[PDB]
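Colleague: Following this message is one structure expressed as structure tokens.
For neighbour counting, all protein chains shown are included, and Cβ atoms are generated from backbone atoms with ideal geometry for every residue, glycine included. FYI, it's all coordinate maths here, none of it is from the lab.
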């Protein structure tokens, strides 16, 4: 699944976020730039709130996918997401291929 990965990504994302959100993980590899951003933005804001209110994780591990380091399919989610973080003055740092770990503010 190179191309089909992008279509499968939606159903994967939905089933996956259920288990991944409590880890403070935002994993949406394969989604469109718009989709990825729209999901990321709403989760990031509510997670910031969960951080300051409920005492969740002080971070969010964003998986855009293994875009660039050891693998590379659709990595344009990464420049898109990066731009979102910087524009809001967030603190992030990539782990390894395409995985941006963001520290909540």
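Colleague: Under 1.5 on a/c is rounded, so check that first for the stretch 1-40, then, if it is not, pick prolate when a/b is larger than b/c and oblate when it is not; a ≥ b ≥ c are the square roots of the alpha carbon gyration tensor eigenvalues. Walk me through the numbers on the way to the answer.
Modeller: Values: a/c = 2.63, a/b = 1.47, b/c = 1.78.
Cα axes put the stretch 1-40 in the oblate bin.
Colleague: Name the most mobile residue of 31, 20, 60, meaning the one with the largest mean-square fluctuation, in a Gaussian network model of the chain with Cα contacts below 10 Å.
Modeller: Among 31, 20, 60, the largest mean-square fluctuation in the Gaussian network model of the chain belongs to 20.
Colleague: At a Förster distance of 30 Å, what's the computed FRET efficiency of residue 91 paired with residue 11, Cβ-Cβ distance as r, to 0.05?
Modeller: Once rounded, the FRET efficiency stands at 0.45.
Colleague: Give the angle, between 0 and 90 degrees and rounded to the nearest 10, that separates the Cα long axis of helix 77-87 from the longest principal axis of the Cα atoms of the chain.
Modeller: For helix 77-87, the angle is close to 30 degrees.
Colleague: Let me ask something else about it. How high is the relative contact order of the chain? Use alpha-carbon pairs under 8 Å, at least six apart in sequence, and give a whole percent.
Modeller: 26
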